[PDB]
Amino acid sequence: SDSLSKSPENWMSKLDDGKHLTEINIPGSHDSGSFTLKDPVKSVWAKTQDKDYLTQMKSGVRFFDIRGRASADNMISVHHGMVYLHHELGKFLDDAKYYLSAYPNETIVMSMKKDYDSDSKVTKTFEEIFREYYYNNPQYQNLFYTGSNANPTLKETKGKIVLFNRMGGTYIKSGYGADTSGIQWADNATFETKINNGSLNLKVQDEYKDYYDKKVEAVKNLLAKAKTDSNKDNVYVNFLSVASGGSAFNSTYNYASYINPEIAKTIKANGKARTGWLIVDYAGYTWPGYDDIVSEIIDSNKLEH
């Protein structure tokens, strides 16, 4: 009997798959695709991960914050705002497909958001392109969750990607926010909004411009709410990440190196409490002598069965 965080490649397999994904404490990666950046000056503000998708997944990351730009009427490139990340969306999809084959009792939650203006030559909306060339593309048949449950369990989603829709209104009908209203997302804020035709209450802390100390308080205030809430119809998404700023090199990495351990320590002190889904920069990046945020999120899940 070892800690779940001792097997991060297949920790969701150790859970009771009757759980709703909402009741699982899931580590996510912010701006997941940005691991390919090498330029040092650009990486200060634009790079948020050093591991690739398969290595994030092996370290136990199950929520991926994929940001896209429409490069052609049939193509979505992964971006951080203006910055091209050097791979297209099919790349993440192939990695997830492969990972889910090898670890069939895990599920992956994929947040999809438009992060920059489409190429000139594009004539289609980003949502249409995603819908027709990825979600409904026969090439990724069976890969996505296509159920009609607004609050799906681990059993119904494992081995599949569940869409977390940050595209706005969509004609896709499966996954979080998959309706023609989409998710009302407040800018730089802690907020709450109903999604899936009012079936779920989404509670978000996404104050991405906060400085160190304010950010930690914002993450801790939403952690304290999740701890008292056992309602499976509430979903918590808590971003520990922040935009860079302070000196020429107060990078996203520097913020993560302070935020991650502090929040990791707090979750460890809390024991088995519900945390929600915590989305972090530099997932899996450890520092000698400090607690590891991804491991602490994983271990905060209480087993009983």
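Note that residue numbering begins at 1 and tracks the sequence as displayed.
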item: Mean Cα B-factor comparison, 171-179 or 73-81, giving the higher one as deposited; value: 73-81
item: Mean Cα B-factor comparison, 105-113 or 181-189, giving the higher one as deposited; value: 181-189
item: Maximum C-alpha temperature factor, selected from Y258, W45, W277, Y53; value: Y258
item: Maximum C-alpha temperature factor, selected from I66, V41, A248, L240; value: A248
item: Chain thirds of CA B-factor: placement of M57; value: middle
item: Relative C-alpha B-factor of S29, binned into the chain's lowest, middle or highest third; value: lowest
item: Within-chain third of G198 by Cα B-factor, per the entry; value: middle
item: Position of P152 among the chain's modelled residues by C-alpha B-factor, lowest, middle or highest third; value: middle
item: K215 - which third its CA temperature factor falls in, relative to the rest of the chain; value: middle
